[PDB]
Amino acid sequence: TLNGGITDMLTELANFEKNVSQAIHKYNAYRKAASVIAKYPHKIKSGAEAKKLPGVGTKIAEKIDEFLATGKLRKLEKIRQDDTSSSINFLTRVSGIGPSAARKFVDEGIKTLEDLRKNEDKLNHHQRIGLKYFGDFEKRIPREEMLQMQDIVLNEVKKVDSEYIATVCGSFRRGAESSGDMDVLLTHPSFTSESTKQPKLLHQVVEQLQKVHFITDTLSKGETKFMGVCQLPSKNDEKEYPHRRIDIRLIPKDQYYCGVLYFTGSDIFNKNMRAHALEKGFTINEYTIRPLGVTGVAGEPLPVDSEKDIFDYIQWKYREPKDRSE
């Protein structure tokens, strides 16, 4: 909450730009400024001071000066008073409704949860699930519950094949006291960059987790990525646990370090790390780090034996997972 006012303002502007303006690069510019400001170890006392930071320019510095002088931003006052903008922003909170579908729904008079519930026939399966569990998906998951969830997942995966290794990533791996959802990175020796020596490696795991009633709904599913819904079991007389979002990603076993780096995040850390790789002459994805050639083309994958090796290539001091949060 050092500079909390400012980073909250910038985050609200980011979400407006993404969700209402459909300006993804302005969204990213506000996210980067908010990130650099949140890590700054002093109280910001002027826009000029802020402007010294990378990603803060003239326009954001002017907003910082207004906020600092008044405790508000007139631009955000106006946005919050705009019913249309507020409804569009709100609908994007439903899983499976993005900025385009939100604008379409709002253009047709669908502006509230009640409206969506009355017009379910206009929603695809994903969106119906997002609507059904809307309240539940708004809630964070206490780390204590993430531990029970981890226990179930690792137990069931072991049952299918003891050679699978499942690693809970995302904010959990970063040490967070609560998480938005569960992210599971999966490997198996039969799936590498060289071969797929077994079929349906992800399917087998998903199927076992459905058999024991942990996974309750599927949003999307291909050969390497599963996106769905799960729920802890609860006791008699007791309030049910909320349904939770779960993501499972099967990554080639020989590309585990790029995979776990990607899946640990945070999102802004990843984008910032990948941006630094580009200015250092490299490109990073969840599979590989490659050098860039004269044609801007990525060359062959470089050898990696740890998360730190990836940091080494781009001359960043190693950051532990807990220091990768915003």
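Between two forms, the rigid core is defined as the largest C-alpha subset superposing within 1.5 Å. Residues carry their position along the shown sequence, with the first being 1.
- Larger average C-alpha displacement in 7 other deposited structures of this protein, relative to the shown form after a rigid core fit, is seen for 80 to 88 when comparing 80 to 88 with 245 to 253.
- Take 217 to 225 and 68 to 76, fit the other structures onto the shown form by the rigid core, and average the C-alpha distances in 7 other deposited structures of this protein: the farther stretch is 68 to 76.
- Gaps at residue 196 occur in at least a third of the other compared entries of the protein that contain both adjacent residues.
- The deposited model assigns a higher average Cα B-factor to 300 to 308 than to the other stretch when 7 to 15 and 300 to 308 are compared.
- When the two stretches 111 to 119 and 232 to 240 are set side by side, the higher mean Cα temperature factor goes to 232 to 240.
- When the C-alpha B-factors of 259, 265, 281, 55 are ranked from the entry, the top spot goes to 281.
- Among 247, 217, 136, 194, the highest C-alpha B-factor in the deposited entry belongs to 194.
- The entry lists a Cα temperature factor for residue 96 that places it in the lowest third of the chain's modelled residues.
- Residue 199 sits in the highest third of its chain by CA B factor, as recorded in the PDB entry.
- Annotation for residue 81: C-alpha temperature factor in the highest third relative to the rest of the modelled chain, per the entry.
- Residue 177 sits in the highest third of its chain by CA B factor, as recorded in the PDB entry.
- Among the modelled residues of the chain, residue 75 sits in the middle third by CA temperature factor in this PDB entry.
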